[PDB]
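Participant: Provided herewith is a single structure, encoded as structure tokens, for subsequent inquiry.
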Amino acid sequence: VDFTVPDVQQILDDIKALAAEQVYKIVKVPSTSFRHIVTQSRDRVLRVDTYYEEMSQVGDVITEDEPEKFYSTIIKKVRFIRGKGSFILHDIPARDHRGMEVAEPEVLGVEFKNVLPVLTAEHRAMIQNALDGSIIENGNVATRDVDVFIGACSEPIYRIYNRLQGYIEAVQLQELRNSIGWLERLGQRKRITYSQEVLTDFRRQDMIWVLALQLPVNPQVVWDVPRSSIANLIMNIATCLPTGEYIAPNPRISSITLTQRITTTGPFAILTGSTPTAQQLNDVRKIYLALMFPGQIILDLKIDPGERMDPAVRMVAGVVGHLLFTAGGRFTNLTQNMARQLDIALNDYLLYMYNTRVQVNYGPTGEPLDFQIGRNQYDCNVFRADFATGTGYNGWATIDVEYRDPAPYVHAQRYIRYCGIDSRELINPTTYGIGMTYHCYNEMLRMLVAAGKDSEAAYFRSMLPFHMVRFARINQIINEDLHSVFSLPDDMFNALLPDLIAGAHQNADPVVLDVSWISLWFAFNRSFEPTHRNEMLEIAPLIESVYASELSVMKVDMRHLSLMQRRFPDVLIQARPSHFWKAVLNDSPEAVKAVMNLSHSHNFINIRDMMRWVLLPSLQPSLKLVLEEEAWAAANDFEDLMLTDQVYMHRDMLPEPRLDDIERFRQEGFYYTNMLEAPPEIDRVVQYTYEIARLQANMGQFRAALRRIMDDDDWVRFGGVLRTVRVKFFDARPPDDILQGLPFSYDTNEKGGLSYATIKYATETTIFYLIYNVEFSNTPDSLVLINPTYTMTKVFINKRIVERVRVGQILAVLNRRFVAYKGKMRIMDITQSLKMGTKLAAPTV
Amino acid sequence: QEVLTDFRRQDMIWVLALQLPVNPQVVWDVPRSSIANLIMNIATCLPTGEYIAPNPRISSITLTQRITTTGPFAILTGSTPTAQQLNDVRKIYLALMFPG
Amino acid sequence: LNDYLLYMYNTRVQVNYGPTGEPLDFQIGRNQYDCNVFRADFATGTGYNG
Amino acid sequence: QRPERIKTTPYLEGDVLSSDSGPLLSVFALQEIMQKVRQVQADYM
Amino acid sequence: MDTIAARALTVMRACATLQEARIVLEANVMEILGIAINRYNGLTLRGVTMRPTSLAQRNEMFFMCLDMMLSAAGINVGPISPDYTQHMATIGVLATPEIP
């Protein structure tokens with residue numbers, strides 16, 4: 001009475017720790033999405049998107065021939081999005097102006113400050129108006145009051161804020177209610193009292209709830225996992241399995257029936273035997289567990305030792321077994337082999353006949369049990385092993401697979417009521433084991449006397465109660481207790497027995513528990529009264545949902561990563577499926593993998609099995625889920641990831657402007673950039689493959705070719721690889737590395753006589769903005785030089801990062817709605833509330 | 001990442017002594033070569049590698065601290081019959097790695 | 001193989017032997033099934049791989 | 001780096017027994033064949 | 001022999017896929033062209049790009065298709081253009097089982 005489940009469980013602990021992962025951030029002000037850089041001029045300045053600057057350096061350099069790296073680099077970036085974007089506003093900085101709630105400048109995405117000191121009196125005032133012009137709308141949403149204002153924010157990010165908020169909204173009405181109620185059902189079905197205390201508050205009236213997990217789960221996702229069968233079972237038991245004790249019957253029952261006539265000795269001289277624990281009891285635990293599963297774990301073959309002789313032990317087990325296990329036509333308990341040996345042990349016990357004969361009418365088939373034992377001739381053919389029928393063994397002419405339709409899970413809500421014991425109530429067992437037939441047990445008792453021993457069949461009449469309670473107990477445990485997303489689905493439950501008969505094999509594998517011949521008897525003289533349930537039960541459902549959601553997140557990721565190859569071929573040519581998910585597995589939670597590996601390190605999954613699983617439409621939504629899903633969406637642009645195909649080289653002069661009216665340089669200080677407003681005319685571009693460059697260099701024509709193309713003004717563009725984009729700003733003439741930095745490498749090395757060459761294409765590309773700063777001592781001439789200064793690299797991205805702005809044009813960006821909860825109202829995630837409950841005890845004897 | 005430029009310096013006159021596409025037969029014409037050839041084939045092309053064992057979980061699996069499955073071959077726990085037979089396995093592998 | 005298809009540590013199955021004393025003539029199985037297939041023809045390779 | 005050596009699932013990740021190489025086996029091969037003969041010739045007439 | 005025509009056909013049909021840059025090549029296509037173009041350049045010594053753009057790049061590719069088309073048809077057009085010249089060797093590229 002003390003079995004647990006280590007190493008498969010230390011995992012359940014950190015899965016419990018997963019519930020703690022806070023994926024959102026609550027702020028009173030959103031992060032700045034727009035910065036303003038000040039050129040020397042009060043008229044115009046330039047705005048920056050920040051987001052892009054950050055997105056600039058997120059993942060590693062995007063190198064070809066390193067698919068795994070690439071994938072992770074992307075994953076980081078996508079993950080980065082939902083990160084920067086998940087935040088809810090609360091207690092915002094309001095201001096009062098002419099009886100209206102105005103937003104404090106700090107609450108909108110944008111920085112003026114820089115600008116403020118310059119702008120003219122008029123400009124300043126103008127902006128002031130726009131500021132006290134930004135008013136806050138009131139009331140609405142989720143029955144409780146929220147503040148709405150129009151602040152600015154970067155495209156991709158804002159999308160996440162939006163989705164997040166939408167989720168919170170759903171929770172506030174629909175989703176919270178669902179999850180709670182589901183629990184109330186589960187607490188009814190599984191006898192668990194659930195704490196409602198969290199919402200009993202008092203200040204509850206104005207408290208926003210942030211349940212981030214959702215409860216109904218969805219059995220699918222759990223079973224959609226390839227070969228999960230066994231791992232899920234392990235899970236079910238590791239979770240849902242109670243610790244109990246094996247009770248013994250009345251010592252008197254045998255003494256009065258069996259051990260009555262002292263001078264009989266019979267097959268039940270066996271009764272005296274106590275239990276060899278080590279082997280025996282673990283064997284009884286096996287038999288119990290297996291039988292309380294039931295068709296999942298079979299009570300397979302019965303070991304082999306030469307103790308198999310011991311006719312008393314053998315015969316005894318033969319009878320015991322026909323009442324302990326189900327060969328039932330609804331589902332199986334034992335092996336075909338295990339049964340055959342049982343029927344034989346039984347067959348011998350019958351035609352053993354140590355005393356006065358009866359009538360033994362042997363049948364046409366020499367097959368064991370083809371004999372009808374006289375007086376009334378109860379042909380023991382009905383006590384043979386017909387699995388498809390149930391015929392001899394337990395159940396037989398009984399119904400055990402019934403369906404009380406509404407029940408939690410929808411994991412086909414069936415119910416196994418062993419021998420018709422519709423055990424829905426608290427057992428005694430001093431009462432309940434009364435007038436209870438089993439039919440199989442009943443007919444057993446008839447055949448038991450029509451054939452032979454009364455003294456032996458009388459012990460069976462006196463046993464009925466204790467036997468009915470072992471079973472009634474089991475039902476409550478199987479049926480009521482171990483009813484989780486880890487207990488097997490029904491269409492499979494029903495397929496176990498017939499697939500076993502057919503011999504043909506599919507994923508849904510029976511467990512092989514080899515049993516002691518003698519343990520059979522011991523099990524019949526040991527009922528089961530569970531002392532106390534597993535501590536994981538109340539928390540379980542939460543944990544279930546954690547796992548579920550985590551799985552779907554992975555699926556999603558892979559769905560997008562998969563198509564990345566047909567998407568960007570030039571980058572992932574060497575890409576093979578294995579690559580992309582090894583990266584997923586890598587960036588995803590280890591505890592989850594562990595759960596899968598239970599049956600994966602055992603069953604083997606092929607990339608194909610994985611794709612199927614990915615493509616399976618069944619996802620349990622959580623906060624994490626929806627956000628990642630939406631992140632991936634925004635993250636489809638790729639210009640939005642800061643890596644573009646468009647990088648060319650072209651002989652370009654550095655703008656050397658005239659300076660007559662120095663005051664006119666209140667202009668945008670001629671910023672200049674590589675950033676092409678639009679790409680070149682294709683007929684003017686020269687597409688280079690390594691392949692061609694090789695050839696040209698092979699003829700000592702490479703350099704020459706390039707020169708001519710450049711001299712022709714025409715543009716050249718190497719590769720077709722992605723390349724990471726960098727962004728830098730300059731106050732004056734940048735380094736030659738940036739200006740004349742060539743997007744390729746060409747070297748020549750003489751070895752032996754031969755002479756080899758090496759050509760590499762760059763992966764990093766820098767976009768820059770060179771702000772022109774001037775002074776009064778400057779001459780119109782000063783900026784012009786006899787010979788030009790050249791810039792070769794030019795990039796293109798149709799995503800407005802840095803742009804010429806007016807001043808009054810600053811506030812423009814405000815185009816984004818915002819929802820912020822009142823500071824006086826409370827917000828709190830009660831995601832952790834789902835583990836608050838209590839295992840409802842048993843009445844005990 | 002390198003390539004062969006067929007650039008010949010005006011100083012260098014090349015002297016190649018053996019051409020590459022080798023005539024298969026000259027090697028296999030040598031009488032009683034078979035064995036020697038084979039060994040050569042091994043010593044030159046046969047890579048370096050390690051023998052892997054399957055997963056212990058493929059046979060027995062733990063359900064409870066007390067309950068575990070047992071593989072029908074418990075004898076499979078025999079510690080390799082010295083190199084006397086370990087080498088004897090190497091024979092096997094090497095044998096199938098070289099058709100008939 | 002033969003010697004061991006024939007070694008039954010559990011309940012025995014119907015072994016319907018063949019006229020030839022040659023190993024693997026029988027047909028063990030409640031559905032028969034030749035064990036003659038796993039003989040050893042070098043021109044066919046009927047027993048072992050491929 | 002590891003083209004097909006990529007181990008997706010734990011099922012393939014087992015323990016290490018021994019290891020062999022070209023020069024390793026090439027020698028072993030000969031050895032075995034030579035023992036063969038001595039052991040027979042030296043053994044019989 | 002039919003194989004030769006099938007190749008020369010595939011190549012041309014593939015080149016037709018190269019509409020006007022804004023294209024992400026069908027992975028499959030890339031592979032084929034590359035092998036062909038490669039082998040072709042190795043026999044033509046001409047500079048054929050897999051993704052032409054200039055014109056002279058385009059001409060070269062067309063010329064390739066032309067050379068192949070003629071070779072597959074068993075035609076010898078002779079001196080018909082100053083800009084183009086037919087390489088009879090084009091047949092040997094098309095006879096090589098290395099091109100799918």
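By convention here, the chains of the structure tokens are called A, B, ... in the order presented, each chain's residues are numbered starting at 1, and ligands are numbered starting at 1 in the order presented.
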Would you list, as an MDAnalysis selection string, the residues of segment 314-447 of chain A that end up in strand (DSSP E) under DSSP run on this structure's backbone?
Facilitator: chainID A and resid 360:361 372:373 378:379 401:402 415:416
Participant: Return as a PyMOL selection string the residues belonging to chain D that are within 10 Å of chain A, counting only C-alpha atoms.
Facilitator: chain D and resi 1+3-4+6-14
Participant: For segment 839-844 of chain A, work out the shell of residues within 8 Å, counting only C-alpha atoms and skipping chain neighbours fewer than 5 positions away, then give it as a PyMOL selection string.
Facilitator: chain A and resi 191-193+426-428+529+532-533+537-538
Participant: Could you tell me how far atom CA of residue 84 of chain E sits from atom CA of residue 36 of chain E, in Å to one decimal place?
Facilitator: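 About the pair atom CA of residue 36 of chain E and atom CA of residue 84 of chain E: they are 19.6 Å apart.
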Participant: In Å, with one decimal, what is the gap from atom CA of residue 155 of chain A to atom CA of residue 116 of chain A?
Facilitator: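 Distance between the two atoms: 26.1 Å.
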Participant: Can you write out as a Markdown table which residues of chain C fall within 9 Å of chain A, alongside each residue's closest atom pair and its distance in Å to one decimal, counting only C-alpha atoms and ordering rows by chain and ascending residue number?
Facilitator:
| residue | atom | partner | partner_atom | distance |
| --- | --- | --- | --- | --- |
| C:9 | CA | A:304 | CA | 7.8 |
| C:10 | CA | A:337 | CA | 7.8 |
| C:11 | CA | A:337 | CA | 7.2 |
